[PDB]
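Coming up, as structure tokens: structure 1 and structure 2, two forms of one and the same protein chain.
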Structure 1
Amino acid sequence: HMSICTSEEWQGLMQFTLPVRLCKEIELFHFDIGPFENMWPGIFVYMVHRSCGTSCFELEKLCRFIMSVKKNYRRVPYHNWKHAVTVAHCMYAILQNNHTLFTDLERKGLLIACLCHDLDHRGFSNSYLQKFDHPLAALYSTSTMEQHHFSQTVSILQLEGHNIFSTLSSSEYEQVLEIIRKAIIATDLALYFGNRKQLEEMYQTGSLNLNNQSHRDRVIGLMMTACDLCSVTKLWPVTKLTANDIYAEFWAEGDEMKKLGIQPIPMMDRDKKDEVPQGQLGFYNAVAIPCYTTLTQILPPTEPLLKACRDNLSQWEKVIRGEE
């Protein structure tokens, strides 16, 4: 049920060279990948090499992998190939400022996790797939979509010549799939609120410890929520532009709920755009700020993310007060 990349596609990626100007700019949090669509695959490859070594993965294997990842993301408004790389770069940005705090294995897994975390999404939320009993909801009772993503990841590794993790030892191999699974599942916002509430308490009482595997999985968890939202952390014209993509998707869903005679939440109701600036402020306050605030206290060199998020809150507040 997968899509293998054509034999010409992955060959071009190996021939790729990143322009010097980008290399320095990538390192920044607020960096936006948007202007460089055809350069995206080579941008990931570059982030890997710089974080794991130019010889960590067989290069021929990474290229079949990456291009098979792109070819297995759907053409939906938001949960698409662009989201993959965007979310992967915020990871690489958090990693670079926190390099030693994570192991060679973790870092390998976290970058593959991000790129894959959203694999083959259909622009339909869990709410929908459970609520109206889709197959995927029956197979995966909770975190329905997340678990399909992880499975799709593994399906791609199983493809002939795609398994970039071959050279890893069987102990490490299974270890990295558990890092990846946990990470992909962590992106379910359902799980987010438990996570942030816990990590906050573990910090305030000084009881956090990075060598405590339980704690470890949760910090990784929050990094996953930070990377996943990170369009809330770019310059406002980019942020707003992505918001259009987000709602494009919600509204396509609400239309289906309407069709089956169920009033979709204001948020997915296209005939309710006036309430949007409200919802965003609600979401920034409830989710984003807390998310980045904790992740800062835990990882101080990520604070630029929390600053950008506040800037984007002022803008939304400004929209509400009729200044746009």
Structure 2
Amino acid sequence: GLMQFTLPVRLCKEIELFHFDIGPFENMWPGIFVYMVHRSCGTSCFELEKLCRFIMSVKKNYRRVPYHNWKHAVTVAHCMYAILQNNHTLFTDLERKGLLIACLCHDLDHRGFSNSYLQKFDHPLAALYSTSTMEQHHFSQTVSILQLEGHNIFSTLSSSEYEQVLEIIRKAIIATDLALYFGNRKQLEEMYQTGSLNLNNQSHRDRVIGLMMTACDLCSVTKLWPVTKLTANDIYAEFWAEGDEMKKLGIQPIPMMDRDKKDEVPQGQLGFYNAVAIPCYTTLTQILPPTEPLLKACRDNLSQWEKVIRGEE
């Protein structure tokens, strides 16, 4: 009960910032997550014994892939921590509980392949879940782990609170399907602009939580340039492996996934910043002003990629 987690001074201070990098010491990441739960939620939200057992089972069920791995899980959870801490009074106790867990679990058992590759391969999961294929699998994996003996971190919640938090977690994980982001952000853009955005409207909160999930999921593009640039390598290592597997199915991959077209990555990054990342953080900053540093950091990285093209690096 009186057992706090305490980080070294540099981490204690920098973990509060949006651009925090969780570092290369894997064995400190569970402790970093618990620290964030305790400050974001309370030392009472979860039983430490059950939480620690849940975290280590989640870790085991992430695969050794270049990008969609345990480090991504904890990175995405830290961005959500930074959003929640900078918007103290806007979120319920259940929401803060649900969303950190949703972020830790959002890519459970990822193989490093897109929904499109699963469908073209004719993977069994594509027959089970026709849309948001991997995201329905990630939620399924989350429910499976919660149901292991001694792993139900929500046990002290009432029956209705339990149904609510699992519904927050389901919608949050489904919302990390980037195919769904484009329409979600458009709707939020319309609602903010016409003044009809109402955070007491559950359908509206759901949409805002959706956008927070996209923002946390993409947060590699909101780090300092050296982190963003080095993470790009891991992201493209998966894209190129998927490209190889498309060629093995007798399909020419889109240039983004073709390792013969590495020359075109810098211009491909501009499109992604301009079509996806900047619009995401812009709409997020409009709804939640204290998340502005994500947009500023994203714009700085856009400027760095422009410099790569202009041959200045």
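Just so we're on the same page, residue numbers count up from 1 along structure 1's sequence. Basically, rigid core = biggest C-alpha set you can superpose within 1.5 Å across the two forms.
Asks: When the rigid core of both forms is overlaid, which of 58, 27, 255, 37 is the one whose C-alpha moves 2 angstroms or more between structures 1 and 2?
Replies: So the only displaced C-alpha belongs to 37.
Asks: Once the two forms are fit on the core, has residue 18 moved its CA by at least 2 Å between structures 1 and 2?
Replies: Passes the 2 Å threshold, so yes.
Asks: If the rigid core is lined up, how many Å does the C-alpha atom of residue 132 shift between structures 1 and 2?
Replies: Superposing on the rigid core gives a C-alpha shift of 2.5 Å for residue 132.
Asks: Let me know the CA shift of residue 188 between structures 1 and 2 in Å, rounded to one decimal, core fitted.
Replies: So the C-alpha of residue 188 has moved 0.3 Å between structures 1 and 2.
Asks: Let me know the CA shift of residue 100 between structures 1 and 2 in Å, rounded to one decimal, core fitted.
Replies: In the core superposition between structures 1 and 2, the C-alpha of residue 100 moves 1.1 Å.
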